[PDB]
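At position 19 of the sequence shown the residue is numbered 19 (mature numbering (1 follows the signal peptide of the UniProt record, and there is no 0)), and the sequence of numbers has no breaks. Idealized CB from N, CA, C, for every residue including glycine.
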Amino acid sequence: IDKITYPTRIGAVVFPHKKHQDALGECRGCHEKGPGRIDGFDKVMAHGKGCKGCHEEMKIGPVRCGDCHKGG
Ligand code: HEM
Ligand code: HEM
Ligand code: HEM
């Protein structure tokens with residue numbers, strides 16, 4: 001499993017998981033409580049430190065709505 005798709009009303013988001021693990025070369029950063037499900041992962045988390053927040057800080061990755069949400 002390399003890609004994780006999040007089906008959302010506003011347009012589905014595809015998370016290229018392997019790309020991220022290869023790019024960051026670490027697990028604990030995103031998986032604070034050890035690799036596995038991330039408890040409480042939702043819209044607010046994704047728009048925050050869960051997804052968009054990192055892209056803004058690292059200045060790489062999608063930060064604009066449509067660069068994540070695609071498919072109508
Ligand atoms: C080799 C290091 C990594 C390991 C072993 C790992 C492992 C996993 C596993 C086992 C899953 C599936 C969990 C499930 O089905 O509930 C997953 C999901 C996920 N991983 Fe990783 N991961 C790694 C690195 C990363 C990195 C670097 C990020 C952050 C850029 C990340 C973010 C996520 C997210 C957001 C999910 C979905 C969580 C959820 O749906 O609750 N992972 N990862
Ligand atoms: C201000 C611009 C954005 C808007 C207006 C927006 C809007 C939304 C909305 C309304 C939801 C809730 C689900 C739905 O109603 O369909 C959502 C979920 C989510 N958004 Fe965004 N989003 C934006 C930017 C982003 C960006 C840039 C990313 C990717 C880095 C992203 C990733 C996600 C993810 C992964 C979820 C699903 C979380 C879950 O499955 O619980 N969004 N977004
Ligand atoms: C589930 C939440 C996240 C979503 C939906 C997401 C989505 C994406 C997508 C679609 C790309 C662009 C891939 C491409 O170049 O085609 C990307 C790239 C990237 N993201 Fe995320 N991301 C998430 C979380 C994170 C987190 C938490 C970090 C930092 C702690 C991060 C760091 C990066 C970096 C470094 C890249 C460049 C990877 C590359 O192009 O090789 N992302 N992200």
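Residue-chain proximity (residue i, chain C), Cβ-Cβ < 8 Å
i, result
"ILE4", "In the structure shown, chain C cannot be found, because there is only a single protein chain."
Supposed close pair residue i, residue j - CB separation, criterion 8 Å
i, j, result
"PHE41", "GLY50", "6 Å"
"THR8", "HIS69", "6 Å"
Residue i beta carbon near ligand 2 (any heavy atom closer than 7 Å)
i, result
"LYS43", "yes"
"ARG37", "no"
"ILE10", "yes"
Beta-carbon proximity of residue i to residue j, cut-off 8 Å
i, j, result
"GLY71", "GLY11", "yes"
"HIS17", "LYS3", "yes"
Residue i Cβ short of 7 Å to ligand 1 heavy atom set
i, result
"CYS65", "no"
"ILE4", "yes"
"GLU32", "no"
Distance, residue j Cα to residue i Cα
i, j, result
"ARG37", "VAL14", "17 Å"
"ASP39", "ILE60", "25 Å"
"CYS30", "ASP67", "21 Å"
Anything with a beta carbon under 6 Å from a heavy atom of ligand 3 counts; list them all in chain order.
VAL13, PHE15, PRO16, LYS19, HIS20, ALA23, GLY29, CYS30, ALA46, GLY50, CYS51, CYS54, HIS55, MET58, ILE60, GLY61, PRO62 and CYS68
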